[PDB]
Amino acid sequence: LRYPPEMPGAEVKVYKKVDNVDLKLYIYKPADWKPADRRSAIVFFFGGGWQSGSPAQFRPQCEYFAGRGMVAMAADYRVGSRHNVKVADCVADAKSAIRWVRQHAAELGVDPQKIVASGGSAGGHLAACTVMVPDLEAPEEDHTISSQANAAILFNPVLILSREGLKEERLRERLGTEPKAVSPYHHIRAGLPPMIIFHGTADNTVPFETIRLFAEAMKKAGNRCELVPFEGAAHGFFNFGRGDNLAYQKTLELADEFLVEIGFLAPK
């Protein structure tokens, strides 16, 4: 991956101006697109530990889902190696992206109620923050337009950020807030949007146990929260180019059937 990314064929829209930085959405429209459609949308957040990464990471997935009838985009967001930000600022950026898409749903040809948030690792964390973590919103935006996504597709996300529980200072200094405030696990509750999670059993960056604990506690609250374990796979397994795209093709396959499952996508 490179940054700045190369995104051929994508339409470029600035969704947020902050610190004189113009944060961009790379939008991939389907074939039979008109401003009057009400298609589902998916917004991808790249990974890279809230410090690096590139919107090009999920460009392959955008092209796939746009070919399947969605308005697919990859969001840029501020990161530590480029901008003076902490994790809490990254969350505000991800929320701005969802709010912007909903605010512009009419011109995007999008159903404001079928907006999916998605991401890998740190960007999987952000996507989950847009469905279940409160506040951390850009203070000058219209809070009467909801920043909450309607579904989430998570690729080995980080879901537990605070040790407030059973079983360090470097982390608290890159968070920009109390650890619980940026931790999806400590905001599990009933009535949350549906979601599907792809995680590796041998993940040594984000332990699989932290995700299975999240998913179980999410089911006892009545939410749709499906784990798809990938046996022996490690952090990053899903990415286009890993092995020979067996995980990439299967994650796309199980994500497609999940969007059909909740009604955001039409059968083939």
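Note that residue numbering follows the sequence shown and begins at 1.
Counting the other entries of this protein, is residue 171 left out in at least a third of them? yes, residue 171 frequently unmodelled elsewhere, at least a third of entries.
Where residue 167 meets residue 168 in the shown sequence, the number of deposited residues left unmodelled: Unresolved stretch here: 4 to 9 residues.
So which stretch wins on mean C-alpha B-factor, 43 to 51 or 28 to 36? The stretch with the larger mean CA B-factor is 28 to 36.
Averaged over C-alpha atoms, is the B-factor higher for 71 to 79 or for 153 to 161 in this PDB entry? Mean B over CA atoms: larger for 153 to 161.
From 62, 56, 206, 218, which pick has the Cα B-factor that tops the rest in the entry? Of the candidates given, the C-alpha B-factor peaks at 218.
Lowest, middle or highest third - CA B-factor, residue 250: Highest third - that is where residue 250 ends up once the chain's C-alpha B-factors are sorted.
Going by the entry, which third of its chain does the Cα temperature factor of residue 124 land in? According to the entry, residue 124 has a C-alpha B-factor in the chain's lowest third.
Splitting the chain's C-alpha B-factors into thirds, which one does residue 173 fall into? Its C-alpha B-factor belongs to the highest third of this chain's values.
Within this chain's modelled residues, let me know which third the CA B factor of residue 12 belongs to: lowest, middle or highest. Tercile = middle for this residue's CA B-factor.
Relative to the other modelled residues in the chain, which third contains the C-alpha temperature factor of residue 259: lowest, middle or highest? For residue 259, whose C-alpha B-factor we compare with every modelled residue in the chain, the answer is the highest third.
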